[PDB]
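Straight run, no breaks: the sequence shown in this note's numbering ends on number 261. Notes for the one structure printed next.
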Amino acid sequence: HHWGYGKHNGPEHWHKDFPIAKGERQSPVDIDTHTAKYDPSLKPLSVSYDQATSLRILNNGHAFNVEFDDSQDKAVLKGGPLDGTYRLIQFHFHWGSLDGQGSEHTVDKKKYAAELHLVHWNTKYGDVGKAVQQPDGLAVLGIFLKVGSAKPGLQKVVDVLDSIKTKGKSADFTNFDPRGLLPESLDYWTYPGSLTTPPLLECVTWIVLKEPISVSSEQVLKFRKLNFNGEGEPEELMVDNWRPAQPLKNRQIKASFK
Ligand SMILES: NS(=O)(=O)c1ccc(C(=O)NCc2cc(F)ccc2F)cc1
Ligand SMILES: [Hg+2]
Ligand SMILES: [Zn+2]
């Protein structure tokens with residue numbers, strides 16, 4: 004039926020309805036530190052989030068998205084391996100049922116407890132809908148989450164979850180500052196890929212930060228109390244909403260640091 008992360012409609016089944024699943028530039032992939040090419044020409048990243056306007060938070064089955072007003076250049080991504088301005092539209096997480104799993108990308112086969120995806124679209128295309136038809140339409144800033152000390156900036160997201168427990172719920176989520184979710188350093192790995200959920204369109208330039216952010220056990224625990232199901236249906240806990248790594252094929256992972 005509609006895809007999911009279940010035994011019967013999971014990642015291994017995705018190819019039946021989305022043929023692109025066995026494509027050439029699918030994501031996520033495993034980051035092998037000893038094979039990534041140090042590309043000195045890669046420019047530094049430019050993250051401008053001071054005029055960011057968060058609007059809503061919703062549980063769409065699969066995961067929960069915090070949406071941003073992208074009608075103007077309020078929160079943008081420039082620099083690095085990118086050419087042109089990219090507007091932040093939404094961010095979401097992928098997590099597991101246990102701390103030792105949850106991330107989509109792995110570093111040398113190592114899984115993190117979760118992974119934050121900050122989704123941006125290429126402004127030259129006009130709207131996100133057009134962006135997804137171009138090979139360089141999207142830019143997703145990936146940030147790993149490891150369990151340790153609590154991340155203050157993540158607390159606002161954690162407290163509102165009780166109100167979007169099931170599929171289809173949403174709640175006003177204004178004045179959220181995404182800068183509170185960035186680590187100290189902006190060192191990154193970059194490679195050409197795709198969305199990690201159906202439609203699995205190969206329209207993404209991936210930028211994975213080297214430094215992970217740390218969150219408390221109680222913070223990620225509250226993520227795990229969300230539901231895949233809508234109100235009134237049997238309860239199915241929202242966990243392990245991650246796609247396993249894919250073959251790199253004819254692709255090069257470039258590092259911005261030595
Ligand atoms: N985990 S990830 O960063 O790769 C990712 C980011 C965004 C989306 C998304 O916006 N879905 C909607 C959507 C995307 C399309 F490409 C076409 C239609 C559509 F509704 C999906 C996956
Ligand atoms: Hg595309
Ligand atoms: Zn994602």
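Virtual Cβ for every residue (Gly too), placed ideally from N, Cα, C.
Checklist entry - Looking at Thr-193 and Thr-208, is the spacing between their C-beta atoms short of 8 Å? => result For the pair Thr-208 and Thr-193, the CB atoms are nearer than the 8 Å cut-off.
Checklist entry - How would you label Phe-67, buried or exposed, when you count the other beta carbons within 10 angstroms and need 16 or more for buried? => result It is buried - the Cβ of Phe-67 has at least 16 other Cβ atoms within 10 Å.
Checklist entry - Is the closest heavy atom of ligand 2 to the C-beta of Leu-203 under 7 Å? => result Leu-203: no, Cβ never under 7 Å from ligand 2.
Checklist entry - Around the C-beta of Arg-246, are 16 or more other C-beta atoms found within 10 angstroms, so that it is buried, or is it exposed? => result With 16 or more other Cβ atoms within 10 Å, it is buried.
Checklist entry - How far does the alpha helix (DSSP H) with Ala-134 in it reach, from first residue to last? => result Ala-134 -> alpha helix (DSSP H) spans 131-134.
Item to check | Simplified DSSP assignment, three categories, for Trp-6 | outcome: Note: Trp-6 maps to coil in three-state DSSP.
Item to check | Check: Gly-140 C-beta below 7 Å from any heavy atom of ligand 2 | outcome: Relative to the non-hydrogen atoms of ligand 2, the Cβ of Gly-140 comes within a distance shorter than 7 Å of at least one.
Checklist entry - Residues near ligand 3, CB to any non-hydrogen atom under 6 Å, in chain order? => result With the cut-off at 6 Å, the residues found are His-95, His-97, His-120, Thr-199.
Checklist entry - Quick one: is the Cβ of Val-135 within less than 7 Å of any heavy atom of ligand 2? => result Distances from the CB of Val-135 to the heavy atoms of ligand 2 include at least one below 7 Å.
Checklist entry - On the premise that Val-32 lies in contact with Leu-204, defined as a C-beta separation below 8 Å, what is that separation, rounded to the nearest angstrom? => result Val-32 and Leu-204 do not touch by the CB rule: their CB atoms are close to 16 Å apart, not below 8 Å.
Item to check | Span of the alpha helix (DSSP H) around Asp-175 | outcome: In the DSSP annotation of this structure, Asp-175 is not part of any alpha helix (DSSP H); the continuous beta strand (DSSP E) holding it starts and ends at 173-175.
Checklist entry - For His-18, which residues of its own chain have a beta-carbon under 8 Å away from its beta-carbon, when the five flanking residues on both sides are left out? => result Contacts found: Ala-24, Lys-25.
Next on the checklist: From the DSSP secondary-structure annotation, give me the bridge partner or partners of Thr-109.
Outcome noted: Per DSSP, the beta-bridge partners of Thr-109 are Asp-33.
Item to check | Nearest candidate by alpha-carbon position, reference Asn-62, set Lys-228, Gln-137, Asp-76 | outcome: Closest in C-alpha terms to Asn-62, from the list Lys-228, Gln-137, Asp-76, comes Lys-228.
Item to check | Length of the line joining the Cα atoms of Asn-12 and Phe-96 | outcome: Pairing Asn-12 with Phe-96, the inter-Cα distance amounts to about 20 Å.
Item to check | DSSP three-state assignment for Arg-90, whether helix, strand or coil | outcome: In the three-state DSSP reduction, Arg-90 falls in the strand class (E or B).
Checklist entry - Could you check where the beta strand (DSSP E) with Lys-149 kicks off and where it finishes? => result Residues 141-150.
Next on the checklist: Could you compute how far the alpha carbon of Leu-48 sits from the alpha carbon of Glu-187?
Outcome noted: Spanning the two alpha carbons is a distance of roughly 13 Å.
Checklist entry - Within the present structure, is the beta-carbon of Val-32 separated from the nearest heavy atom of ligand 1 by less than 7 Å? => result It does not: the Cβ of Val-32 is nowhere closer than 7 Å to a heavy atom of ligand 1.
Checklist entry - Among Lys-257, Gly-105, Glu-118, which has the Cα closest to the Cα of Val-242? => result Among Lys-257, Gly-105, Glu-118, the Cα nearest to that of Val-242 is on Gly-105.
Item to check | DSSP three-state assignment for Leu-58, whether helix, strand or coil | outcome: Under the three-state reduction of DSSP output, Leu-58 falls in the strand class.
Checklist entry - Below 8 Å between beta carbons: does that hold for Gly-132 and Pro-155? => result In this structure, the beta-carbon distance from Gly-132 to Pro-155 does not fall below 8 Å.
Checklist entry - Which residues share a DSSP beta bridge with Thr-208? => result Paired residue(s): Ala-142, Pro-195.
Next on the checklist: Suppose the cutoff is 8 Å on Cβ atoms and the five residues either side in sequence are ignored; what does the same chain contact list for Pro-215 look like?
Outcome noted: Only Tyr-115, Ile-146, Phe-147, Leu-148, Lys-149, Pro-186 meet the Cβ criterion.
Checklist entry - Between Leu-144 and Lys-225, is the Cβ-Cβ spacing less than 8 Å? => result Going by C-beta atoms, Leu-144 is not nearer than 8 Å to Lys-225.
Checklist entry - Can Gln-249 and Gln-29 be called in contact, C-beta distance under 8 Å? => result Their beta carbons are under 8 Å apart, which means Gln-249 touches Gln-29 by this criterion.
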